[PDB]
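Chain by chain, the residues:
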Number of protein chains: 6
Amino acid sequence: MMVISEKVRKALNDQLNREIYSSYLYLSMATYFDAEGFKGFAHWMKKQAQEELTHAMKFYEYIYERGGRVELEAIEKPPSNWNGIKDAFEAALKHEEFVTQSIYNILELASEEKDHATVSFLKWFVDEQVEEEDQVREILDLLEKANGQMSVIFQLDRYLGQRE
Amino acid sequence: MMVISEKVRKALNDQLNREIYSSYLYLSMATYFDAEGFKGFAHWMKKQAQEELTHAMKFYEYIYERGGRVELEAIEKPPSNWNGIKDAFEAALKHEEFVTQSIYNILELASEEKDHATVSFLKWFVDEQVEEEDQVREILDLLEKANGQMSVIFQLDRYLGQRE
Amino acid sequence: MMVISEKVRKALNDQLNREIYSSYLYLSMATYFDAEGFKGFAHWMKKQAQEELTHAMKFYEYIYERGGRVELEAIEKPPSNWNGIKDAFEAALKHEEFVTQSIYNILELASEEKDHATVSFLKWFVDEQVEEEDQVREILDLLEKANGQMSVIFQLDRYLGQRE
Amino acid sequence: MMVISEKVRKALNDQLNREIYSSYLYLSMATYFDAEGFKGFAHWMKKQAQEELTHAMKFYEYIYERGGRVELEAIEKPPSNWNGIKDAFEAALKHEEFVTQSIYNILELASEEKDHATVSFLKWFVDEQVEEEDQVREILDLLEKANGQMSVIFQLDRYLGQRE
Amino acid sequence: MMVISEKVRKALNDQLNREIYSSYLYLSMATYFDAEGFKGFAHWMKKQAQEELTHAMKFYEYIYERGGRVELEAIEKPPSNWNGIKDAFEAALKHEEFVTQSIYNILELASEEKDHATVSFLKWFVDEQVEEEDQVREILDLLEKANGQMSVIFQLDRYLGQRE
Amino acid sequence: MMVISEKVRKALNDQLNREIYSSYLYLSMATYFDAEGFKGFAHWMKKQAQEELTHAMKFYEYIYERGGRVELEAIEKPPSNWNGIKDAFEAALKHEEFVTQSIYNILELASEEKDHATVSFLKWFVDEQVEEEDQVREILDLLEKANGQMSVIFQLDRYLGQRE
Ligand SMILES: [Fe+3]
Ligand SMILES: [Fe+3]
Ligand SMILES: [Fe+3]
Ligand SMILES: [Fe+3]
Ligand SMILES: [Fe+3]
Ligand SMILES: [Fe+3]
């Protein structure tokens, strides 16, 4: 039997599908960067795409642990182009902030229903989001300082390309 | 410059998107097996999904290697209910044979264009598809013999759950 | 001096005595499985009883850490017979869900008094209960599928008898 | 089929229930010592409680080896306060002497019925009780010599707190 | 941009400054124990001072992770004398209990604002405060028993002198 | 009995308090660097803060060795903002030169009193100050040759961020 409410299960399943899209978005960002000749930034992006899939799978497994099931939905076509390296990371930041609020919304729902199990489950993602958001801010800081000097982009492309 | 034709690039890009769908389909099968309580079968499908992403990425990197660009498209909602275990693996077989034929179509397009580089590149996938098809046929034969007997199905689930 | 309220101390002390009873219940189930000749299912229950004792001792030590004292109460006689293996596990699931509600009630009490220390301490048990319920549900679902088939029950007894 | 008589089975099951009570009593002594701030003496009592459970389980397994079954009974509420350290260890000594006589009584019953298997089984307990009683008498001797001197009691608490 | 509200940033920054003062208060207790010839108690306080700096640095880094900034404020002159060993440790407990309440107030502010990230972040401190308080209470219990007997105070000085 | 003069004790205690302020000043410089997004310069400043505390503790311990006592004083609020990276390191150099003269004044005081123990003790700090001043001058040299070029400033930030 399912021990989560249908509302909570729906919220969790919706969030699973959002992490799938997050993954796919970051893959397309990789497509952009590769097309611009920045293999390091693209490498970063491929690595992030994989990280998002681990988030999806954490939701996946918790749904089953509470006796629900997952239903996968259509994935929307992401953007494939950005107006420059900074434009893409600003998009990444705004996406991650949106994911954080989505998670927050599930937390508040669960808390309202006195579903302490789901509330506790979500702590991990609250904490991870802090780091996801921070990593993109740091990159934007470094890009802001670089002011388009290939010299610096070459080392910072190199640097993000050493990820993992 | 791009040194594949736009027709070939499009064919390869379409197949990249097909492999992403394959990955998602196998994940959907995993959602089914997990809902039905077969974690071994679900495990096998999760590994298979991961494998399909590696195929997608081989297409990805070849496209850039020949000067082209990748454009990610919408992914269709996969089916989530099968009549039973054997029906889900039968659908997997059918899907792999469809992918094989998709690959054959690119290969024939490339040989027509004398794009020997792309022809040589696809050989890996022709060979890999033979193995992919064979693995599912083997499971199907076991499941035909089990003839719905739970005791045998349980053994198969445990064995497929050992997939590395 | 005691830094928890007497209301929260009593709630914690009550839960400690409930975890002792849990332990005893599982030992009782081991008596039943051993009477029926299922040494592997009995082993599992013995290990489960020991696990419940570690939960009791976690409450014990937290009560003292907040300046309170533990008072052990009488332990009720558990049932000692069930209507087969599946019935025993059904009872075990109902007991665990009852334990989860008991933890929830303490959590809600402590929250209402702003006893953040106790709220935080109780997170571990919320998370543990998710796993405990899930382990029983997994066993039940296997048993549902087995439909009393002795070959499947033998293999399950062997597997549960491996529990560390 | 049960090879022990119902009378010997009842005596063995009674004694298993008595050993469970012994465990619970020593845990209660630990609650007292922890309340008084003697964590070493409390640790000694927790280890003793664990030891008593091993005794219960030795009775358990022999009952099943002879084709009988265990029925767990309610556990009486133990005392939770003593007049001082000596008072608590004196209560432990008295309890152990009572357990020794309880085992003697089973031995005498088994011997009257010519149940040589059960007589032989009980030798381990006769021997173990010698050591159990001696251990408490040793501690009492040292407490008698300490005569309320805290330098000496600190050392004793520390030592008993190293019990493996 | 700063993710945290200015009210929450202020609260966290004020606490960082409180933890710096805690550090310095414990160094001051070391200066007292060193003046009294208790190098072990002084060692303990030097270790506790170092621990409080790790706390401050945890706030520090969280503030920057949320896009805020730290401002270091003047540090008040701590007391430099106590009326005896117990007196100093009683002052340490009162201080720690004040620190716990300060933390609780941040947590309640953050919860009111639905700043789930900061609420989550503070759990570590709620748990750590339980242990900080407990360790000083334990010391105070021992000192109470020692009751000014120098042979027992020597024992405790050597013990606390072994803090790593 | 104290075998340093009260004048020398007071000068040494003043200097211990000056080293504490040095520590705090470097932590404040770290707050600025972190606010400006230079985590490597911020790391170096944190490590510098820690080193200054080791200096304070060397004064601390010598004072106790000569039979004196340490009295901790209020610590002034440090500046938190500079006009750029070079401005901060110039302010660090100026501070260290001031600390050097502070040490020199104690040395001269101790010499006038024929306190050869204290003169000798202070030689360590004379030599260390030569090295602390050189450390900062080297960095200021590297910042001058960077000449505002971000490529180079990033190599220096990462490098100073390796400090152990
Ligand atoms: Fe994510
Ligand atoms: Fe494929
Ligand atoms: Fe439990
Ligand atoms: Fe015993
Ligand atoms: Fe602290
Ligand atoms: Fe210094």
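About the thresholds
Residues numbered from 1 in each chain as written, not as in the entry; some residues may be left out. Chains lettered and ligands numbered in written order. Part of a larger assembly, values for the part shown. Heavy atoms only, no water. Residues with missing side-chain atoms left out of burial classes, pairs and counts. Helix = DSSP H or I, 4+ residues; strand = E, 2+ residues; numbered from the N terminus. Contact = heavy atoms within 4.5 Å. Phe/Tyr/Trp six-rings, centres within 6.5 Å; stacked < 30°, edge-to-face > 60°. Buried < 20%, exposed > 50% of the residue type's maximum accessible area, 1.4 Å probe, protein only. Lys NZ or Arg CZ within 6 Å of the ring centre and 35° of its normal. Expected span 1.5 Å × (residues − 1). Bend = angle between axes of the 7 residues up to and from the residue. Least-squares fit on C-alpha atoms. Axes fitted to C-alpha atoms, helices over the stretch in contact; angles between N-to-C directions. Parallel < 35°, antiparallel > 145°, perpendicular 65-115°, else oblique. Left-handed = near helix turned anticlockwise from the far one by under 90°. Buried area = accessible area lost by both parts, 1.4 Å probe. Salt bridge = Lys/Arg side-chain N within 4 Å of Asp/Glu carboxyl O. Polar contact = N/O pair within 3.5 Å; in protein donor to acceptor, adjacent residues only side chain to side chain. Nonpolar A, V, L, I, M, F, W, Y, C, P; charged D, E, K, R; others polar. Donors = N, O, S within 2.8 Å, 3.2 Å for Na, K, Ca; no water.

If you check the header, you'll see the entry was determined by X-ray crystallography and the resolution is listed as 2.00 Å.

### Points about the overall build of chain A
The secondary structure content of chain A amounts to five helices and zero strands. Each helix and strand of chain A, ordered N terminal to C terminal, gives the series α-α-α-α-α. For chain A, restricting intrachain contacts to residue pairs at least 6 apart in sequence, the fraction spanning at least 24 positions comes to 80%.

### A word on the packing of aromatic side chains
As enumerated under the stated definition, the model contains 79 aromatic pairs over all chains in all. On the numbers, 5.9 Å between centres and 80 degrees between planes, the contact of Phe59(B) with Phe121(B) is edge-to-face. Linking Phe59(B) in helix α2 (residues 39-65) with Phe121(B) in helix α4 (residues 116-146), this pair joins segments that are 62 residues apart in sequence. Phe121(B) matches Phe59(B) in its accessibility class, with the two residues each being buried. Seen from their ring centres, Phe41(F) and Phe89(F) are 6.0 Å apart, and the 80 degrees between their planes marks the pair as edge-to-face. Of this pair, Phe41(F) sits in helix α2 (residues 39-65) while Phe89(F) sits in helix α3 (residues 85-112), and the two are 48 residues apart along the sequence. For the residue pair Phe41(F) and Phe89(F), the accessibility class agrees, reading buried in each case. Each member of the aromatic cluster is reached from another via a ring pair, and the members are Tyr32(B), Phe33(B), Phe38(B), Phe41(B), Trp44(B), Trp82(B), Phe89(B) and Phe154(B). Here the guanidinium or amino end of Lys58(C) rests over the ring plane of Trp124(C), the centre of that ring lying 4.3 Å away.

### Focus on α4(B)
Between its first and last C-alpha atoms α4(B) spans 46 Å; for 31 residues at 1.5 Å apiece the expected length is 45 Å, and the two agree. Helix geometry: α4(B) is bent most strongly at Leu122(B), by close to 25 degrees.

### Focus: the relation of the copies chain D and chain C
Turning chain D through 180 degrees and shifting it by 0.1 Å along the axis lays it on chain C, with an RMSD of 0.2 Å. Read as a symmetry element, the transformation amounts to a two-fold axis. When each C-alpha of chain D is compared by its distance to the rotation axis, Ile75(D) comes out closest, at 2.4 Å.

### Quick word on the packing of helix α3 (residues 85-112) of chain E against helix α4 (residues 116-146) of chain E
All names here are of chain E. Closest axis-to-axis distance for the α3/α4 pair is 9 Å, and the angle between their directions is 165 degrees. The orientation of α3 with respect to α4, classified from their angle, is roughly antiparallel. Remark: the crossing between α3 and α4 carries left-handed chirality.

### A closer look at the relation of the copies chain D and chain E
Structural alignment of chain D on chain E gives an RMSD of 0.2 Å, achieved by rotating through 90 degrees and translating 0.1 Å along the axis. Expressed as a symmetry operation, the mapping of one chain copy onto the other fits a four-fold axis. For chain D, the residue whose C-alpha comes nearest the rotation axis is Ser151(D), separated from it by 4.5 Å.

### As for the interface of chain D and chain E
Residue-level contacts link eight residues of chain D with nine residues of chain E. For the chain D and chain E pair, buried surface summed over both sides reaches about 660 Å², with 63% attributable to carbon and sulfur atoms. Here chain D and chain E share zero salt bridges between them. Seen at the junction of chain D and chain E, the total is three residue pairs in polar contact. Among the elements that make up the side of chain D that touches chain E, the one with the highest residue count is helix α5 (residues 150-160) of chain D (four residues). When grouped by side-chain class, the residues that make up the side of chain D that touches chain E number three nonpolar, three polar and two charged.

### Quick word on the pattern of salt bridges
A side chain with one charge may pair with a side chain of the opposite charge, provided their charged atoms come close. Enumeration over the complete set of coordinates arrives at 73 salt bridges over all chains. The partner of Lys77(E) in a salt bridge is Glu71(F), with the nearest N and O atoms 3.0 Å apart. One end of the pair, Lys77(E), is in the loop between α2 (39-65) and α3; the other, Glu71(F), is in the loop between α2 and α3, on a second chain. Notably, a salt bridge pairs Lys77(E) with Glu73(F), separated by 2.9 Å at the nearest N-O pair. On the criterion of chain membership, the pair formed by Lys77(E) in the loop between α2 and α3 and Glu73(F) in the loop between α2 and α3 is interchain, its members lying in two chains. With a relative accessible area of 26%, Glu73(F) lands in the partly exposed category. Three or more residues are tied together by salt bridges with common partners; here these are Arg66(A), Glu97(C), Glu133(C) and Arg137(C).

### With respect to the interface of chain D and chain C
The interface of chain D with chain C comprises 28 residues on the first partner and 28 residues on the second. For the pair chain D and chain C, the summed buried surface comes to about 2400 Å²; carbon and sulfur atoms form 57% of the total. By the criterion of area lost to chain C, the three top residues of chain D are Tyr24(D), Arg69(D) and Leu72(D), representing 26% of everything that side buries. Scanning the region where chain D abuts chain C turns up six salt bridges. A salt bridge links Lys46(C) to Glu61(D); the shortest N-O distance between them is 2.9 Å. On the surface where chain D and chain C come into contact, there are 23 residue pairs in polar contact. Only α1 (6-35) and α2 (39-65) of chain D provide two or more residues apiece to the side of chain D that touches chain C. The leading source of residues in the side of chain D that touches chain C is α1(D), at ten residues. Here the side of chain D that touches chain C is composed, by residue class, of 15 nonpolar, five polar and eight charged.

### Considering the coordination of the iron ion (ligand 1)
All names here are of chain A. Taken together, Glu19 (OE), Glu52 (OE) and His55 (ND1) make up the protein donors of the iron ion (ligand 1), found 2.0 to 2.4 Å from the metal. Linear spacing of the donor residues for the iron ion (ligand 1) on their chain is E-x32-E-x2-H. Placement of the pair is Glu52 and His55 together in helix α2 (residues 39-65), with a separation of three residues, close to one helical turn. This pair shows no difference in class: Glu52 is buried, exactly as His55 is.

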